[PDB]
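As a plain string of letters, each chain reads:
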Amino acid sequence: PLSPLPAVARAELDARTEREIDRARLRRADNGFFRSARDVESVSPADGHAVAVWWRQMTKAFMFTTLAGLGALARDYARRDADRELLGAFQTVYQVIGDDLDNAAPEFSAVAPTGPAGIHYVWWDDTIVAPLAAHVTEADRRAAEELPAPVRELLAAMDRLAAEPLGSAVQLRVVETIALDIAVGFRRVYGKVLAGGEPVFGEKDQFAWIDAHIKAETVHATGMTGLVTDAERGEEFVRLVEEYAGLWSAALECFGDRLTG
Amino acid sequence: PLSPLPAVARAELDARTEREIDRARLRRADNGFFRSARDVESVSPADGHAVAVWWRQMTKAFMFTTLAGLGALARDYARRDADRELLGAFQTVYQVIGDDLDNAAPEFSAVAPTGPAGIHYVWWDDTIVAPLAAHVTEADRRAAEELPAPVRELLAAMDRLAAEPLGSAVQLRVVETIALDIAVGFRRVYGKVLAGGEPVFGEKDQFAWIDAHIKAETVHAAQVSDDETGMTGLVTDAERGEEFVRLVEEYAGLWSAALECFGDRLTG
Ligand SMILES: CC[C@H](C)[C@H](N)C(=O)O
Ligand SMILES: CC[C@H](C)[C@H](N)C(=O)O
Ligand SMILES: [Fe+2]
Ligand SMILES: [Fe+2]
Ligand SMILES: [Fe+2]
Ligand SMILES: [Fe+2]
């Protein structure tokens, strides 16, 4: 009564989706955040702090709206009869959300704090934002929380995706493609923040959030297209990926702009 | 700018909740399903299959609508800033209902099938429904999926709670308290199903779903009434607390009628 598309139609949805991500210029060699993170010689505490505050809000919104999007899919499946292949892909989304919410993967539980302190936006706030905030004034702290326009547009697409039954599939499909390059970028950026000529992040353990993400993405991610049940949902999927990818690309370009200002 | 109630009003609200589950006659001694499961001497394959099909549908809806309610709470936390106490109670919801969906807890992970075969309504369907189904008629299998009225009222309340930010807290707070007694009743009832002299579930392996739940539901019941990270920890003002009690009283009642409907099918 409710099945994925045959594997041939799905494979072409995957090729259309990867071409969407190419066209959005989200690849390692294309996007201005990755290039700036390699290129800049140093990063000021104020610039690093501001990017860290933006990322905190973006990662918080990614986690909660992806879960909300799984909620929307669950409302449908409560009354329909999803077959096992659909149920397996639904499970994958649940477990991938669980990394950011509860450090389900052993790569994260080995290093993350326990309880709510380990939620990834909170863990980022405690170990990346806070030491940077020690080195910016109160004025700059308030200014950093006035999010730039491309960041607000991304957050708003995420709220729209929180209601879609395909929304958690779109978000995970784009973010898990770019997560590794984002985390490596962060490792390069925060390795270059100096205050008074000394590194703000001087101890290895201070990078634990970032090093854990780099390792989890190097190793790991029933794919996301396994949640598409017909042809016209497939069109909807590709259309939503193109939009969401574009907004991620523009948000990441704002990080690169802030590091080269 | 979003916090739980102080400890005293929270523990107060926990008392009214437990009194509503009392008044709804859901304790091991007050509900007719628990009585009848211990008291009946034998159960026919058709009656045991009917209850099994009903429970399949109820636990399917329970899982998916509690997940949907967690999504509705997540949508609100994406807009506001919840303090860490709220986020701890939120994690509990994700952890508890995540056992029905993927068997993370150790009691389930050792015995549950892997992948979608382990989703609890699927695992129930494969190991309880399907063996009973071999012993009833096609007409019996059709009739059993026409759910009784008290079961249909319960599902309709679940669908409403799927879109409430407190819905997952309501459903978990009630279902996780009575879950152990239901699993004990299932162990008694399906040990008593005879198909022409033969018991349909003779081997211990056949009770894997129920045995794991007898073990596991003791932890879950403690998880949802914990004073720091329990379900009332999701209530953020006094009026949300009243809406909570209102919704629990309703929800606990419909669970009673549906369960009493299980007992009647086993008796006369
Ligand atoms: C947007 C999510 C990224 C890739 C990472 N999972 C994090 O916790 O920030
Ligand atoms: C209603 C919940 C029960 C006790 C069990 N968790 C199940 O999967 O059916
Ligand atoms: Fe993460
Ligand atoms: Fe991730
Ligand atoms: Fe269960
Ligand atoms: Fe449970």
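Per the PDB record, this model was obtained through X-ray crystallography at a reported resolution of 2.30 Å.

Chain B is annotated in the PDB entry as SzPolF of Streptomyces sp. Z26. The PDB lists this entry under the title "Fe/Fe-SzPolF-L-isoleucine complex".

Looking up chain A in the PDB entry gives the name SzPolF, with the organism given as Streptomyces sp. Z26.

A. Spatial organisation of the overall build of chain A. For chain A, the count of helices and strands is 11 helices and two strands. Over its C-alpha trace chain A gives a radius of gyration of 19 Å, about what one expects of a compact globule, namely 18 Å for 261 residues. C-alpha atoms of chain A, sized along the principal axes, occupy 65 × 40 × 30 Å. Out of the 261 residues belonging to chain A, those deemed buried represent 55%. Surface summary for chain A: the accessible area is close to 10700 Å², and the carbon and sulfur share equals 51%.

B. Molecular detail of the site of ligand 2. Residues and elements named next belong to chain B. Taken together, the residues surrounding ligand 2 are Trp55, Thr59, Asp100, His120, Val175, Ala179, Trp209, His213 and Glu217. Between ligand 2 and the protein, one listed contact pairs an oxygen atom with a side-chain N or O atom of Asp100 at 2.7 Å. Within the side chain of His213, a nitrogen or oxygen atom sits 3.3 Å from a nitrogen atom of ligand 2. Its free accessible area being 290 Å², ligand 2 has 99% of it covered by the protein chains. With three residues, the single largest contributor to the shell around ligand 2 is helix α10 (residues 208-224). Its residues assigned to classes, the shell around ligand 2 shows four nonpolar, three polar and two charged.

C. Focus on the coordination of the iron ion (ligand 6). All names here are of chain B. Distances from the iron ion (ligand 6) to its protein donors, namely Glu176 (OE), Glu217 (OE), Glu217 (OE) and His220 (ND1), fall within the range 2.4 Å. In the primary sequence, the donor residues of the iron ion (ligand 6) line up as E-x40-E-x2-H. Relative accessible area serves as the criterion here: at 2%, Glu176 is assigned to the buried category. Judged by its relative accessible area of 2%, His220 is buried.

D. Focus on the nonpolar core. In this structure, A:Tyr190, A:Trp248, B:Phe186, B:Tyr190 and B:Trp255 are the most contacted members of the largest nonpolar core, which totals 194 residues. Once you skip the residues sitting within four places of it in the chain, A:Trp248 turns out to touch A:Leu26, A:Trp55, A:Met58, A:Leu154, A:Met158, A:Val174, A:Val175, A:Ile178 and A:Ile182.

E. Representation of the pattern of salt bridges in the model. Scanning the model with the defined rule gives 41 salt bridges over all chains in all. B:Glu260 is the salt-bridge partner of B:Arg25, the closest N and O atoms lying 3.4 Å from each other. You can see B:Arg25 sitting in the loop between α1 (7-23) and α2 (32-39) and its partner B:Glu260 sitting in helix α11 (residues 238-266), a full 235 residues away along the chain. When its relative accessible area of 23% is taken as the criterion, B:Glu260 is described as partly exposed. A single network of salt bridges, built from pairs that share partners, joins A:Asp14, A:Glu18, A:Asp22, A:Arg27 and A:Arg173.

F. Fine view of the interface of chain A and chain B. On the chain B side, the residues contacting the 34 residues of chain A number 37 residues. Summing both partners gives a buried area of about 3100 Å² for chain A against chain B, and 61% of it is carried by carbon and sulfur. Where chain A packs against chain B, one counts six salt bridges. Applying the counting rule to chain A against chain B returns 15 residue pairs in polar contact. Those elements that place two or more of their residues in the side of chain A that touches chain B are α3 (45-77), α4 (84-102) and α6 (120-133) of chain A. In terms of residue count, the dominant contributor to the side of chain A that touches chain B is α4(A) (11 residues). When its residues are assigned to classes, the side of chain A that touches chain B shows 18 nonpolar, seven polar and nine charged.

G. Fine view of the site of ligand 1. All names here are of chain A. The environment of ligand 1 is made up of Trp55, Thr59, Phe62, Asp100, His120, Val175, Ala179, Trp209 and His213. At a separation of 2.5 Å, an oxygen atom of ligand 1 approaches a polar side-chain atom of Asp100. When residues of the shell around ligand 1 are assigned to their parent elements, the largest contribution, three residues, is made by α3. Within the shell around ligand 1, the residues separate by chemical class into five nonpolar, three polar and one charged.

H. Summary view of unusual backbone geometry. One non-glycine residue, A:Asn103, adopts positive backbone phi at about 55°. On the accessibility criterion, A:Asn103 (7% relative accessible area) is buried. The phi angle at B:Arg25 is positive, at roughly 55°, despite the residue not being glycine. Judged by its relative accessible area of 41%, B:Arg25 falls in the partly exposed class.

I. Geometry of the packing of helix α3 (residues 45-77) of chain B against helix α8 (residues 149-161) of chain B. Residue and element names in this part refer to chain B. At their nearest, the axes of α3 and α8 sit 8 Å apart, and the two run at 15° to each other. Judged by the inter-axis angle, α3 sits roughly parallel to α8. Seen along the crossing, α3 lies across α8 with a hand that is left-handed. For the pair α3 and α8, the contacting residues are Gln57, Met58, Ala61, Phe62, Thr65 and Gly69 in the first and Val151, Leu154, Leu155, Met158, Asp159 and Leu161 in the second. Here the residues of the contact of α3 with α8 sort into eight nonpolar, three polar and one charged.

J. Representation of the packing of helix α4 (residues 84-102) of chain B against helix α9 (residues 167-191) of chain B in the model. Residue and element names in this part refer to chain B. Viewed as axis vectors pointing N to C, α4 and α9 meet at an angle of 55°, and their least axial separation amounts to 11 Å. Here α9 runs oblique to α4, going by the angle between their axes. The interaxial crossing formed by α4 with α9 has left-handed handedness. Only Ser168, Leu172 and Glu176 of α9 make contact with α4, whose side of the interface consists of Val93, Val96 and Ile97. Here the contact of α4 with α9 is composed, by residue class, of four nonpolar, one polar and one charged.

Parameters and conventions
Residues numbered from 1 in each chain as written, not as in the entry; some residues may be left out. Chains lettered and ligands numbered in written order. Heavy atoms only, no water. Residues with missing side-chain atoms left out of burial classes, pairs and counts. Helix = DSSP H or I, 4+ residues; strand = E, 2+ residues; numbered from the N terminus. Rg over C-alpha atoms; globule rule 2.2 N^0.38 Å. Buried < 20%, exposed > 50% of the residue type's maximum accessible area, 1.4 Å probe, protein only. Areas by Shrake-Rupley, 256 points an atom, 1.4 Å probe, with all protein chains shown as cover. Near = heavy atom within 4 Å. Polar contact = N/O pair within 3.5 Å; in protein donor to acceptor, adjacent residues only side chain to side chain. Nonpolar A, V, L, I, M, F, W, Y, C, P; charged D, E, K, R; others polar. Donors = N, O, S within 2.8 Å, 3.2 Å for Na, K, Ca; no water. Core = buried A, V, L, I, M, F, W, Y, C linked by side-chain atoms within 4.5 Å. Contact = heavy atoms within 4.5 Å. Salt bridge = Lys/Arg side-chain N within 4 Å of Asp/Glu carboxyl O. Buried area = accessible area lost by both parts, 1.4 Å probe. Axes fitted to C-alpha atoms, helices over the stretch in contact; angles between N-to-C directions. Parallel < 35°, antiparallel > 145°, perpendicular 65-115°, else oblique. Left-handed = near helix turned anticlockwise from the far one by under 90°.

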